[PDB]
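Under the entry's author numbering, the first residue of the sequence shown is numbered 1, with each subsequent residue one higher.
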Amino acid sequence: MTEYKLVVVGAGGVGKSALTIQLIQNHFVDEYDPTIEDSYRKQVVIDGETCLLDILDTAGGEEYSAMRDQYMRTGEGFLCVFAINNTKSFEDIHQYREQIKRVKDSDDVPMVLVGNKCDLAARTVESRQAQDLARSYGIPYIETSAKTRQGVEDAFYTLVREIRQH
Ligand SMILES: Nc1nc2c(ncn2[C@@H]2O[C@H](COP(=O)(O)OP(=O)(O)O)[C@@H](O)[C@H]2O)c(=O)[nH]1
Ligand SMILES: [Mg+2]
Ligand SMILES: [Mg+2]
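So, in structure tokens, the structure goes:
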């Protein structure tokens, strides 16, 4: 099997844990401990290839562990998540990307911009705003809901396909 090492980054409360849990367990969590930072594994077939996903769900900000740094340094691709009803989290994306570029010493890192909570009414961040940001980075933009599952497979599987182009 090929293994793909994925790291999920973004502001607290955007749904990084909910997205990972949805992908792995097919269930939506209302209140997952916001400090739990751990890795999760899933065997999936993507485009006819059986592979293993090794996903680090990052927590808790302005902090670094041995595992975090390892996945950050050895992560092959990054989901950069914001919530479409959280303007600050969208504005924060720039910092996560700058961080990733520094760790990787590269502006060419497999990455997907994820606008999560698309089930919630009256977004404060427009799709076209996020499209314009992702275009400036040279990366895809995908909207998701950890609640309904909309886009969740699409985001993680696209990141896998980005890593494959690399
Ligand atoms: N309505 C809705 N709520 C979500 C979604 N994703 C996460 N949440 C909620 O947002 C809050 C933060 O989610 P969490 O996964 O802990 O965010 P994290 O800090 O980035 O890991 C929780 O109350 C989740 O139930 C979503 O797609 N839709
Ligand atoms: Mg979390
Ligand atoms: Mg506005």
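Backbone N, C-alpha and C fix where the C-beta goes; we use that ideal spot for every residue, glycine too.
Check	Outcome
When you compare each of 74, 31, 91 to residue 134 by their alpha carbons, which one comes out closest?	91
Taking the alpha carbon of residue 1 as the reference point, which residue from 121, 150, 54, 102 has its own alpha carbon closest?	54
With a threshold of 7 Å (Cβ to nearest heavy atom), would residue 32 be considered close to ligand 1?	yes
Please list, in chain order, all residues of the same chain as residue 160 whose beta carbon is under 6 Å from its beta carbon, the five residues on each side excluded.	4, 46
Could you give the residue range of the beta strand (DSSP E) that holds residue 43?	38-46
On the premise that residue 145 lies in contact with residue 119, defined as a C-beta separation below 8 Å, what is that separation, rounded to the nearest angstrom?	4 Å
Name the one or two DSSP bridge partners that residue 113 has.	80, 141
Using C-beta distances below 7 Å, list every residue in its chain close to residue 148, excluding the 5 sequence neighbours before and after it, in chain order.	119
Could you work out which residue in 51, 33, 117 is closest to residue 89 when comparing CA atoms only?	117
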